[PDB]
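1. model this:
(one chain, ligands or ions: 2)
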Amino acid sequence: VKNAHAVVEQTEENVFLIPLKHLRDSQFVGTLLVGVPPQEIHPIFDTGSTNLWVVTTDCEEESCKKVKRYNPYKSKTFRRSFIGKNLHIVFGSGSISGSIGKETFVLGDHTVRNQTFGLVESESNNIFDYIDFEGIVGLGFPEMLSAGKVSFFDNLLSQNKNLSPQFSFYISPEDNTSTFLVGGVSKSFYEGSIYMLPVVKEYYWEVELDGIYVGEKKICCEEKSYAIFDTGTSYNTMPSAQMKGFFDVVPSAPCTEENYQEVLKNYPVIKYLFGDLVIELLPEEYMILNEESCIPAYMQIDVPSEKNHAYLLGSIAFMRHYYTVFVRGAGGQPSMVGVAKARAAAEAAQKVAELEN
Ligand SMILES: *[C@@H]1O[C@H](CO)[C@@H](O[C@@H]2O[C@H](CO)[C@@H](O[C@@H]3O[C@H](CO)[C@@H](O)[C@H](O)[C@@H]3O)[C@H](O)[C@H]2NC(C)=O)[C@H](O)[C@H]1NC(C)=O
Ligand SMILES: CC(C)[C@]1(C)CC(=O)N([C@H](c2ccccc2)c2cccc(C(=O)N[C@@H](C)c3ccccc3)c2)C(=N)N1
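-> Numbering: from 1, shown residues only. Ligands and ions are numbered 1, 2, ... in the order given. Sure, the structure comes next:
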């Protein structure tokens, strides 16, 4: 059995759109209001972590002073607890450290109170030197939380009952019209039908991956593998092993204005097999031109718990071509990721809907 969802429509204030600016350092940043009086920070919206990070004035490092740091001692709603806790996060190309606090946030005219978040205090490992980093809005599942009782998204849903437990991304950096939608989807960002993929593990937005084909060559999968939908990354990824076998069929090379145009016509078509669904990426989709060079828009990432069996899907090499919806399950019914073709057009996204049933 498989009961379907449906695109039932909601009123305008039940799906709100957060514009995302594609910064010249590959950051997809939006606007977020912290404290009272409001202090504006521009965080990344991430479906690969649930923690709410805010760069504060308690970080006096060189990469911290260049951005709009948040000053908790100027906020009237900030209230640290008597027995303050500390926070530690280690990722691939750096690290983030700080303390925990509770604050009241406003995300696109919606207010959220008693929101536990981490105040960034240190950033030393070297990657934050290339980025004007100001915070992270966590959109992953609550099991991925390092501290706090309720996840920001869960906490926002609890205090604004008009919002349905779902959000969606439309990536289009060229036109600068990419938008983050909370509480549903907008029919003007995609065309065709929307296909759902059940979430296997409520840690990342993770679904079973049945295979990967670059043209006709099978890169994966000989052992059960999975795909993770991460809006915090620009590149698609593969584990350490399969990454080598990939760069042998699509390698980088010098390219000119008339050399890259031909690369897009002859380069293979990558196919991602999600059970019955087959999602293809064309050469003009995953190939990028940098300093007169043709780079496969892929990088190596070994997911910790999934060894060499986890493949990530990023913003520039996937979501830019496919409108993605996130539907939070509950109890028996699972959470699911919806993929459709991106309409890649302005249209007039005044009418918005949500996935029910
Ligand atoms: C977190 O925010 C909530 C609301 O967003 C704050 O509410 C606290 O919880 C309830 C709701 O007002 C209050 O507790 C009880 O209210 C009942 C009403 O029937 C009363 O009979 C009980 O004797 C008790 O007062 C509580 O007063 C309220 N505020 C405080 C300061 O306790 C909550 O305060 C926020 N954070 C924390 C840490 O409490
Ligand atoms: C960015 C951090 C908040 C974190 C916690 C770091 C992090 O592990 N991932 C995924 C991820 C998810 C699951 C398993 C492994 C990796 C990922 C993947 C690949 C590369 C990057 C990367 O270097 N991202 C650049 C763009 C960037 C952005 C903003 C700040 C720093 C760095 C990130 C996040 N989504 N977020």
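2. hey, let's count contacts and neighbours off CA atoms from now on
-> OK.
3. The residue in the stretch 1-150 of the chain that ligand 2 sits nearest to: neighbour count?
-> Residue of the stretch 1-150 of the chain nearest ligand 2, by Cα to the nearest ligand atom: residue 48 (4.2 Å). By the criterion of other Cα atoms under 10 Å, residue 48 has 23 neighbours.
4. And what about it, helix, strand or coil?
-> Judged by DSSP: H, G, I helix; E, B strand; the rest coil, the three-state class of residue 48 is coil.
5. That one against residue 232, yeah?
-> Yes - in this structure residue 48 lies within contact range of residue 232 using Cα atoms under 8 Å: 6.5 Å.
6. State the distance from the residue in the stretch 201-350 of the chain that ligand 2 sits nearest to to residue 110.
-> With Cα to the nearest ligand atom, the shortest gap between the stretch 201-350 of the chain and ligand 2 falls at residue 232, namely 4.0 Å. Distance of residue 232 to residue 110, computed by Cα to Cα, to the nearest Å: 23 Å.
7. between these two, which one's more packed in?
-> Each of residue 232 and residue 110 has its neighbours counted (other Cα under 10 Å); residue 232 has more, 23 against 15.
8. what about the nearest residue to that one once chain neighbours are set aside, how many residues close to it?
-> For residue 232, ignoring the flanking residues on the chain, the nearest one in space by Cα to Cα, 6 or more residues apart in numbering is residue 46 at 4.5 Å. Counted with other Cα under 10 Å, residues neighbouring residue 46 total 20.
9. ok, residue 46 to residue 230 distance?
-> When residue 46 is compared with residue 230 (using Cα to Cα), they lie 7 Å apart.
10. And residue 11, by the same measure?
-> Residue 11 is 28 Å from residue 230, by Cα to Cα.
11. Which of those two has more residues huddled nearby?
-> Between residue 11 and residue 230, counted using other Cα under 10 Å, the more crowded position is residue 230 (24 against 12).
12. wait, isn't the more buried one in contact with residue 48?
-> Yes - Residue 230 is within contact range of residue 48, at 5.1 Å (criterion: Cα under 8 Å).
13. Give me the common contacts of those two.
-> residue 205 (Cα atoms under 8 Å, 6 or more residues apart in numbering).
14. what's near enough to touch the nearest residue to residue 151 once chain neighbours are set aside?
-> In space, and not counting its chain neighbours, residue 151 is closest to residue 142: 5.8 Å by Cα to Cα, 6+ apart. Residue 142 makes contacts with 50, 150, 151, 202, 203, as judged by Cα under 8 Å, 6+ apart.
15. And these, which is closest to residue 79?
-> For the contacts of residue 142, the closest approach to residue 79 (Cα to Cα) belongs to residue 150, at 16.5 Å.
16. So what pairs up with residue 356 in the strands?
-> Each beta-bridge partner of residue 356 is listed here, defined by DSSP bridges: residue 6.
17. if I look at residue 157, how far off is ligand 2?
-> 22 Å (Cα to the nearest ligand atom, to the nearest Å).
18. give me every residue that touches residue 155.
-> Contacts here follow Cα under 8 Å, 6+ apart; on that basis residue 155 touches 112, 113, 115.
19. element containing the first one, please.
-> Using DSSP states H and E, residue 112 sits within strand 111-122.
20. Which other helices and strands does that strand contact?
-> strand 53-55, strand 94-106, helix 152-159 (3 or more Cα pairs under 8 Å, 6 or more residues apart in numbering; DSSP states H and E).
21. Reformat these as CSV; add distance to residue 122.
-> Listed next are the helices and strands packed on strand 111-122 as CSV, based on distance: least, Cα to Cα, whole Å:
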stretch, distance to residue 122
strand 53-55, 9
strand 94-106, 5
helix 152-159, 22
